[PDB]
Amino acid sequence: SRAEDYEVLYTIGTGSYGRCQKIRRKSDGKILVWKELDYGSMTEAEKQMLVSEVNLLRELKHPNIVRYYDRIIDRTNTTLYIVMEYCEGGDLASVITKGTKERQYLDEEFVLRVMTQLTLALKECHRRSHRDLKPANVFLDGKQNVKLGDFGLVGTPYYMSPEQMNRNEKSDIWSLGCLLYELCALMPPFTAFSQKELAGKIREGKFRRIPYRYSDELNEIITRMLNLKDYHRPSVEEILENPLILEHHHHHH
């Protein structure tokens, strides 16, 4: 459990937060990644909070939750390393953006994967009661698995549920609703330039149908998650009972 145990291959992302690197475990050669965080400029409280958060990541083990492996302390450089599984496919935001650029929609089969495995991510999270559902916090591994990251655990809040927007597990369904709709449409269900305009549209509750390449069945379910009334949204359970969702849409080792 020392930085010396891993070798850095190269950097994937920079912050902000700090830095994310693809690394290799020396004992076996397993490819992982770790988040870098320089805690040198933090008070004692912030550091007790940070330690508080990290103890959480150690608790969740689930095939659709980005897997925590290790936490490494380097008091020399005041650097904290959080080591996790490598998700070779990246985040969903990039996939959506890529989709926007080369003007190519994604396959319904892919949406069904994301819909299925993330609904199971939720179901796990609600049970342990968190993480927030947005493209940036959703990762893909090398095996068509879909994993939820730790974000949440200036910009327009596109995914804000009608009830929040105000003063609930059903609020999460809405957010998931917005995420799949964006995966299909390559754009959020409600767009605007100001939050106030946004708010006005969300209270109206209208949006385009997702593209016609997507089945009425898919459209209907996403549409149901975007229902203005929280109690009309399908629960995690009604989502999974849907005829669209099959075994091969689940995670695989």
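The first residue of the shown sequence is 1; numbering continues from there. Note that the rigid core is defined as the largest set of C-alphas that superpose within 1.5 Å between two forms.
- Relative to the shown model and aligned on the rigid core, the C-alphas in 9 other deposited structures of this protein deviate most, among 116-124 and 84-92, for 84-92.
- Farther from the shown form on average, by C-alpha root mean square after a core fit in 9 other deposited structures of this protein, is 62-70, of the stretches 62-70 and 183-191.
- Of the other compared PDB entries of this protein that include residues on both sides, at least a third leave residue 15 without atoms.
- Among other compared entries that model residues flanking residue 135, every one gives it coordinates, keeping it clear of the one-third cutoff.
- Unmodelled residues of the deposited sequence between neighbouring positions residue 153 and residue 154 number 10 or more.
- In this entry, no coordinate-free residues of the deposited sequence separate residue 103 from residue 104.
- As recorded in the PDB entry, 91-99 is the stretch of 91-99 and 113-121 with the greater mean C-alpha temperature factor.
- If you average the C-alpha B-factors over 235-243 and over 19-27, the higher value belongs to 19-27.
- Of all the options 157, 135, 177, 142, the entry's greatest CA B-factor is assigned to 157.
- Of the candidates 215, 227, 52, 64, it is 52 whose Cα B-factor is highest according to the PDB record.
- Split the chain's modelled residues into thirds by C-alpha temperature factor. Residue 74 is in the highest one.
- For residue 45, the recorded CA B-factor ranks within the highest third of the chain. Only modelled residues enter the ranking.
- The entry lists a Cα temperature factor for residue 165 that places it in the highest third of the chain's modelled residues.
- In the PDB entry, a CA B factor belonging to the highest third of its chain's modelled residues is recorded for residue 60.
- Sort the modelled residues of the chain by CA B factor and residue 68 lands in the middle third.
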